[PDB]
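The structure under discussion appears below in the form of structure tokens.
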Amino acid sequence: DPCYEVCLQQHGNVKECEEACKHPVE
């Protein structure tokens, strides 16, 4: 909920952030 929201404001992503939110970023 907050993750995406954060990206929504601090960014303009969708599937990238949404999917990358659960993915183990390097």
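We name chains A, B, ... following the order of the structure tokens; residues begin at 1 in each chain, and ligands are numbered from 1 as shown.
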### Message
Just want the 10 Å neighbourhood of residue A:7, counted on only C-alpha atoms, with same-chain residues fewer than 4 positions away dropped. Output as a PyMOL selection string.
### Response
chain A and resi 2-3+11-14+16-18+21
### Task
Enumerate the residues of chain A with a DSSP assignment of helix (DSSP H, G or I), computed from the backbone, and present them as a PyMOL selection string.
chain A and resi 2-10+15-22
